[PDB]
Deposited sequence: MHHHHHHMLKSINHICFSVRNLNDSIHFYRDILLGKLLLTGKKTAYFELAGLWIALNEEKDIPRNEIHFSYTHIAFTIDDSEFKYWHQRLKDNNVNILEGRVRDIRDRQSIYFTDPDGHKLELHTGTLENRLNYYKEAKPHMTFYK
């Protein structure tokens, strides 16, 4: 009895064509299917569904090779992505909050806040 794996994430978007250009061209995901109001991608090994139709309360973070940090920082800047201010914090065209990090959450957690409580 265990949930086995993430299956997909679903985001609502105002303009499917803007969002296809962001996820397929800027983030280099693969476009799989479209309907009039739907698009499916594979990005970072994840199925993402977009449905065409307040953003402070969640974010989705992705992992990149540390040697590629400048590559990604510059790609987002040169494509006029909204960047907040090795980690990069940004939003998609609708303001869904996203992050890139060069270390896993696990690595980082081990690696100075003495008064946190660890389990195993």
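- Unmodelled regions of the deposited chain, listed from N- to C-terminal end, are 1-6, 60-67, 100-108, 135-137.
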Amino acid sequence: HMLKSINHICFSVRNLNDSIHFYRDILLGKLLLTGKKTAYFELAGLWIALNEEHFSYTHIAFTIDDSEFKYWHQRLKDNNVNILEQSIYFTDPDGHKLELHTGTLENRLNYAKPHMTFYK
From here on, numbers count along this sequence of modelled residues.
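Think of the rigid core as the biggest set of C-alphas that the two forms share within 1.5 Å after superposition.
- Core superposition of the other structures onto this form places the C-alphas of 97-105 farther off in 4 other deposited structures of this protein than those of the other stretch among 97-105 and 13-21.
- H54, though modelled here, lacks coordinates in at least a third of the other entries of this protein that were compared and that model residues flanking it.
- Among other deposited entries of this protein with both flanking residues present, none omit coordinates for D92; it is modelled throughout, well short of a third.
- Comparing 28-36 with 43-51, the higher mean C-alpha B-factor in the PDB entry belongs to 28-36.
- As listed in the deposited structure, the average C-alpha B-factor of 99-107 and of 19-27 is greater for 99-107.
- Note on the listed residues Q86, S67, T91, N80: the highest Cα temperature factor in the record is that of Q86.
- Placement of the Cα temperature factor of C10 within the chain: middle third of the modelled residues, per the deposited record.
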